[PDB]
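Enquirer: This one's a deposited entry, sequence included:
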Amino acid sequence: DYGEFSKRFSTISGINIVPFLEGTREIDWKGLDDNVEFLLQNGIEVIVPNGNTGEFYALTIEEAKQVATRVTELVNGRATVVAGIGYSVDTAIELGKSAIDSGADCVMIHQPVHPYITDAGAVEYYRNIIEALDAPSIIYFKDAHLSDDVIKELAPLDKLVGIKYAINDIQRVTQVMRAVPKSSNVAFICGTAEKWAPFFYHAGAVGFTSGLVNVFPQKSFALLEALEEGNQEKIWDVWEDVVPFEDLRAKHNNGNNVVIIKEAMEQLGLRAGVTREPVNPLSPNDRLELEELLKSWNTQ
Amino acid sequence: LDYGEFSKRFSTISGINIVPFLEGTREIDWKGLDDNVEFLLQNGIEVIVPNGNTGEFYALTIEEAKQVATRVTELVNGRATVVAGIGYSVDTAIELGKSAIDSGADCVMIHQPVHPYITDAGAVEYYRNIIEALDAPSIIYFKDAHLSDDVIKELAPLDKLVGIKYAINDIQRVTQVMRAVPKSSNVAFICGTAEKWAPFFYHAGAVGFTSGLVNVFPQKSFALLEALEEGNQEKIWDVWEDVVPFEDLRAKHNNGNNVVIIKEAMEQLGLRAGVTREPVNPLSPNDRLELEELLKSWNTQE
């Protein structure tokens, strides 16, 4: 079951958005349903509700639970659903149990928000949450200050079926990947999307997360196909074609990450609404750059 | 209530208490907490901050956080100014805020947003909607160097914003923002990076500083405050050199040692502190030895 479960991540892990109505900023449930359908219709096999692309941290615990339940029931098993969870140990467990009870297949443990953390404490935190949940777990690993030994010590756990490695250190990625036995049934996914997928794949990654799929999933799948085949020239061509989008999202220390996707969607006639605080709409200059890039893509 | 006078309350040490936990269940040790609060008050603390990071705010459920704020506020019972820490989503921050204030807290402190994505304009909206929704003043813990100091400048005019715990160790920036905000805005600038940075922030214009050391050796922290207020440079530097070793230990491992250093230190001194909750475990053997030696030195000095 587990070893086979980890296999499901050798593809694109799409992180859906959570449309919010302009004005009140309340969740736009119809828009949410439409985004989920959009993803499934375009080939997405793994959907990640309550990921950062869905502005998880801008939701109350009650809202988070409702989003995971809604996305899970809409998917109705047409894809693997990974529910994001976080916060204190008991709160993460509360969220996980809620998602699993709603039918979610797996949970993704967000980077702890705690300002203070150690390797040893990290292992306890992760172990305690994973063991308390009756479903597989995936860890989003992005704190370069933590040792990869944390992963090596946890990897053996049957419930730990994947790591969305998000530290863009190609040396470390290759190292941890080579140190974890295949018997640990741990899927290593590039947690930094399309811009880094090619490099993580060369090192051994079997999949990658994506926010681009909410707007141009065909470009994202074009990369997955080029990667799975081995067409180096195609890989680089597609890579070079989408990096501009990922670089825009990274502006202002990633402050533009979701707002770039929502405004792009709204320009293409897709229902996305706006982002919640602490992110406002794009600056005029940033909006101009986005329109420019979209104008280009239309050309191609 | 005149906000101008309220902001003056922060021209002192803002003590951030700990939240001791029990044996292996890790449940809150209410007795230990009451005693830590008493310890701080008996040693002169005029401003106490429940649900600060020194109190492992993020390791607490929402329910536990409200209980801690409530507990501290009632125990203090007006003996000091209480600033309740709040965070998370806008509605959750307001929820935590209303709860602490209803319990009697005098002010709230907005933690750095946990959101991985934030912009200057969105930050302004985040902060303003929370302050405006609370029936008490707010202070902002500003530590993201990627955000512009103009966020602070934009919000300063708000009557309810009575202070900024500036935690970006960029002395050029701290000097600039403080000269930019007019006194009429009644915003107290507090050094949010404690004793190691207090002297430099003070020379720049800060009027107070946060501290975690006060949970163990408050007399040293207060020796530094007095020296700073008197302008005795020699004493300032002497006390500074004396406590820096403690703050440096706390900062190891990208600040992973921050709270565990304080709790192990308290225990070594026979104070009720317990162990830290996940994701922080006990000190590494070597750091434990370093701490023990520092305490030995401090004993010898006395």
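Expert: Nice, thanks for sending it over. Numbering: from 1, shown residues only, chains lettered A, B, ... in the order given.

Enquirer: Could you use CA atoms for every contact and neighbour count after this?
Expert: Fine.

Enquirer: which bits of the stretch 1-150 of chain A sit near chain B?
Expert: Residues of the stretch 1-150 of chain A lying close to chain B by C-alpha under 8 Å from any C-alpha of the partner chain are A:52, A:55, A:57-60, A:87-91, A:112-125, A:145.

Enquirer: and if you look at the stretch 201-300 of chain A?
Expert: By C-alpha under 8 Å from any C-alpha, the residues of the stretch 201-300 of chain A that approach chain B are A:252, A:253, A:254, A:255, A:256, A:257, A:258, A:277, A:278, A:279, A:280.

Enquirer: Tell me the first helix or strand C-terminal of the helix or strand that contains residue A:239.
Expert: Here residue A:239 sits within helix A:232-254, counting by DSSP states H and E. On the C-terminal side of helix A:232-254, the closest following helix or strand by DSSP H and E is helix A:257-267.

Enquirer: ok and the helix holding residue A:239 relative to helix B:120-132, angle-wise?
Expert: Counting by axes from the mean of the first three to the mean of the last three C-alpha atoms, to 10 degrees, helix A:232-254 points 40 degrees away from the direction of helix B:120-132.

Enquirer: Now tell me what touches helix A:232-254 from outside.
Expert: The contact list for helix A:232-254 (C-alpha atoms under 8 Å, 6 or more residues apart in numbering or on different chains) reads A:194-195, A:198, A:219, A:222-223, A:226-227, A:255-261, A:286, A:290, A:293, B:116-119, B:146.

Enquirer: Same question for stretch A:147-159.
Expert: Residues from elsewhere that reach stretch A:147-159 (C-alpha under 8 Å, 6+ apart): A:2-3, A:119-120, A:122-123, A:127, A:130-131, A:135-137, A:160-161, A:172, A:176, A:179-180, A:184-186.

Enquirer: Which of those residues fall in strands?
Expert: A:137, A:160, A:161 (DSSP state E).

Enquirer: Isn't the first one up against residue A:186?
Expert: Spelled out, it's residue A:137. No - contact criterion C-alpha atoms under 8 Å: residue A:137 and residue A:186 do not qualify, at 10.1 Å.

Enquirer: Do me a favour and get the backbone dihedrals for residue A:273.
Expert: The phi/psi pair for residue A:273 (degrees, to the nearest 10) reads phi 70, psi -150.

Enquirer: Might you report the residue contacts of it?
Expert: A:19, A:20, A:21, A:22, A:262, A:263, A:266.

Enquirer: For burial, what's the neighbour tally of the closest residue to the first one other than its chain neighbours?
Expert: On the basis of C-alpha to C-alpha, 6 or more residues apart in numbering or on different chains, the spatially nearest residue to residue A:19 that is not a chain neighbour turns out to be residue A:272, at 4.7 Å. Other residues near residue A:272 come to 26 when the count uses other C-alpha atoms under 10 Å in any protein chain shown.

Enquirer: residues in contact with residue A:272?
Expert: Here residue A:272 is in contact with A:17, A:18, A:19, A:20, A:31, A:262, A:263, A:265, A:266 (C-alpha under 8 Å, 6+ apart).

Enquirer: 6 Å - rerun?
Expert: Contacts for residue A:272 (C-alpha atoms under 6 Å, 6 or more residues apart in numbering or on different chains) come out as A:19, A:262, A:266.

Enquirer: so what's the backbone phi/psi at it?
Expert: For residue A:272, the backbone dihedrals (degrees, to the nearest 10) come out as phi -130, psi -20.

Enquirer: could you check the distance from residue A:134 over to chain B?
Expert: As defined by C-alpha to the nearest C-alpha, to the nearest Å, residue A:134 lies at a distance of 20 Å from chain B.

Enquirer: do the same with residue A:169
Expert: According to C-alpha to the nearest C-alpha, residue A:169 and chain B sit 18 Å apart.

Enquirer: try residue A:109
Expert: With C-alpha to the nearest C-alpha as the criterion, residue A:109 and chain B are 13 Å apart.

Enquirer: re earlier: buried residues in the helix holding residue A:239, which are they?
Expert: Within helix A:232-254, the residues that count as buried by 16 or more other C-alpha atoms under 10 Å in any protein chain shown are A:234, A:235, A:238, A:239, A:242, A:245, A:246, A:248, A:249, A:250, A:254.
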